[PDB]
Amino acid sequence: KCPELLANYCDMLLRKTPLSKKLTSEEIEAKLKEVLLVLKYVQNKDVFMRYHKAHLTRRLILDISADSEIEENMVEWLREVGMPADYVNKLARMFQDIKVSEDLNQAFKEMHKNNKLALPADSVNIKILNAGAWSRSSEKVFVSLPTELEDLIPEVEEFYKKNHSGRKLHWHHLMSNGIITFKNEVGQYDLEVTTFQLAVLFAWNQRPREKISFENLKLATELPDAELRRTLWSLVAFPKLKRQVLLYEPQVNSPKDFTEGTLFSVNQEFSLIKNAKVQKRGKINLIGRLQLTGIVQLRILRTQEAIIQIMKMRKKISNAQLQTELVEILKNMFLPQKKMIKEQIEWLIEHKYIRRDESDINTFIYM
Amino acid sequence: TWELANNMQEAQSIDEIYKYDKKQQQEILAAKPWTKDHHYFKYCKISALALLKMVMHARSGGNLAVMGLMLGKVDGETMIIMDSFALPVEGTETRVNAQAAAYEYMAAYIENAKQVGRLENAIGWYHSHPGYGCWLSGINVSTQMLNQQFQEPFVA
């Protein structure tokens, strides 16, 4: 089915994700409701849910949402249309964390305003979100941040420790964004870049334009090898760009791979001009749509007769007791998840092998 | 003298129940007394040998479940069972299905017993419940439905 493509339509309606500037009025929201109806009719909703979660994370972590009330009501609309409760709970937790992060940033700006840090207190924003819902990966990659940001992370860590002692903050450099100022001769144009792109651009800043090799860049940025190449793809193969900021590639080739020992160098007189006419006060966004962050059928047959065995052993049981006995029995086999047990639960009740008690919503009766 | 009665060859009604009155069995089968009232036979008498054979089959099954047949007759209001006969059935301790092996086994064993000199017929079946008391489940209830409604003399 369409799945992800349909999710793209949502990205074109709920917020200005990229080319979604075509917004007319609130009636489009009604059209979104129709899309929700499609989500009811179609199958394979896991991909759609994952795409929607990724789009929401990309929109919220960048503050590019066209509307706020529509985004808040989208959770209720999705819950009404029918979706797993885990996704709804994760969305609610993400929204609550985003709400709390505004107050945290305001408190940080209001309190730390005498140390002067490095940049002005009105130019640094801190957004701390819970890692149990807003993230899934747990891998840390060095970025070798510049000296300007080397005095801001410790201050944020100290403030978080003072206010909410008991939790550890693990900074995620992939989702961070910022604006840098260039001085490429004719026109000084602001550029929006992530942490890795900022490090790559600032590596060739301690000695004018000059020229550096791939090995030197890798040894300076200290990035995770192959991922560094991906960052280069953002600075050498920017789509719909008249002239890239880092207009170099040595032996041509392609930004995908085969970098080898290419000598990339920044173009001092690069023609990075908005509308190709006088880049006096231009601004270029280079982040783009990055948003960086036992076969099943033979295995599902294992647990159903296990549930039926638990039921045939004892007629009366509760939900918690059923879960405890099921996980007690199935330890020798694979470790059960939560989604599989739930799926088996309504597969059993839909086959009317068990009866849901009317007085008690959790009590089950064998047949 | 010390035991008084003793026993050379004499017996009583205790030894009399082990026989096969062909005319009596034929006439009770033809008359069909239990087909007219629901509250028929309430007394079931099973010999020792069948009991120990069932127990050994259940123990040899182990934590799993076993299943077999039984042989006997009916006499008036009472039911008589005096033989146990196991089956080569396999399955999980929560469900057992009689494959073609049991279907080819019961007939073969019945023919072998007839060749031996046995004259009784199938009377019912025994199933072992490993732990969950002694009560018929839904599938057991349906099977007993069909068995007692097609093969009127029966018992589980």
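Within every chain, residues carry numbers counted from 1 in written sequence order, not necessarily those of the entry, while residues missing coordinates are excluded from display. The lettering of chains begins at A and the numbering of ligands begins at 1, in the order of writing. Each value listed describes the chains present in this view, a part of a larger assembly. Side-chain measures here rest on the full set of heavy atoms in the structure, leaving out hydrogens and waters. Residues with missing side-chain atoms are left out of burial classes, side-chain pairs and their counts.

Listed as the method for this PDB entry is cryo-EM; the listed resolution is 3.52 Å.

Chain B has the name COP9 signalosome complex subunit 5 in the PDB entry, where Homo sapiens is given as its organism.

Per the PDB entry, chain A is named Cullin-5, and its organism is Homo sapiens.

### Quick look at the interface of chain A and chain B
With 8 residues of chain A at the interface, the matching set in chain B holds 8 residues. For the purposes of this entry, the term helix denotes a DSSP run of H or I that reaches at least four residues, the term strand denotes a run of E that reaches at least two, and both are numbered from the N terminus. Ranked by residues supplied to the side of chain A that touches chain B, first place goes to helix α11 (residues 296–313) of chain A with 5 residues. Among the residues forming the side of chain A that touches chain B, the class breakdown is 4 nonpolar, 1 polar and 3 charged. Residues are treated as being in contact if the distance between any of their heavy atoms lies within 4.5 Å. Only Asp, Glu, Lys and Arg are considered charged in this grouping, and only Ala, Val, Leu, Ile, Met, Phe, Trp, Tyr, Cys and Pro are considered nonpolar; every other residue, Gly among them, is considered polar.

### Examining the pattern of salt bridges
Salt-bridge contacts for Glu325 of chain A lead to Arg314 of chain A; the nearest nitrogen and oxygen are separated by 3.1 Å. In this pair, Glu325 of chain A is assigned in helix α12 (residues 319–329) and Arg314 of chain A in the loop between α11 and β4 (316–317), connecting sequence segments 11 residues apart. Of the charged contacts in the structure, one is a salt bridge between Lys36 of chain B and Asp37 of chain B, with a shortest N-O distance of 3.6 Å. One salt-bridge network, in which partners are shared between bridges, spans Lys53, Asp83, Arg118 and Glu120 of chain B. In what follows, salt bridge is the name for a side-chain nitrogen of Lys or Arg lying within 4 Å of a carboxyl oxygen of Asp or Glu.

### Thoughts on the sheet that holds strand β4 (residues 121–127) of chain B
Residues and elements named next belong to chain B. Pairing between two strands requires that DSSP report at least two bridges joining them. One open sheet holds the 4 strands; their spatial order is β1-β3-β2-β4, and the pairing between them is mixed. Across the chains shown, the open sheet's two edge strands, defined by having one partner strand only, are β1 (43–46) and β4. In this sheet, adjacent strand axes meet at a mean angle of 35 degrees when their direction is disregarded. By the bridge criterion, 6 bridges tie strand β2 (residues 67–75) to β4 in an arrangement that is antiparallel. By the bridge assignment, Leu69 is partnered in β4 with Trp125. The angle between two axes is taken between their N-to-C directions and runs from 0 to 180 degrees, where each axis is a line fitted to C-alpha atoms and a helix contributes only its stretch in contact.

### Examining the packing of aromatic side chains
Two descriptors summarise a pair of aromatic rings, namely the distance from one centre to the other and the angle between the planes of the rings. Pairing of aromatic side chains requires ring centres within 6.5 Å, counting the rings of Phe and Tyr and the six-membered ring of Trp. Pairs whose planes differ by under 30 degrees are stacked, by over 60 edge-to-face, and all others tilted. Seen in terms of ring centroids, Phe85 of chain B and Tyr105 of chain B are 5.4 Å apart; in terms of plane orientation they differ by 35 degrees. Their pairing is tilted. Pair noted here: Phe85 of chain B is in strand β3 (residues 78–86) and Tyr105 of chain B is in helix α4 (residues 100–116), with a separation of 20 residues, a long-range link. Between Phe85 of chain B and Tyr109 of chain B the ring centres are 4.0 Å apart and the planes differ by 10 degrees, which places this aromatic pair in the stacked class. On the criterion of sequence distance, the pair formed by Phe85 of chain B in strand β3 and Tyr109 of chain B in helix α4 is long-range, its members being 24 residues apart. Ring pairs connect the aromatic residues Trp34, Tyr40 and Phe41 of chain B, which therefore count as one cluster. Here, over-ring charges are defined by two tests on the NZ atom of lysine or the CZ atom of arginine: distance to the ring centre within 6 Å, and angle to the ring normal within 35 degrees. If you follow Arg299 of chain A out to its NZ or CZ, it ends over the ring of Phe334 of chain A, 4.1 Å from the centre.

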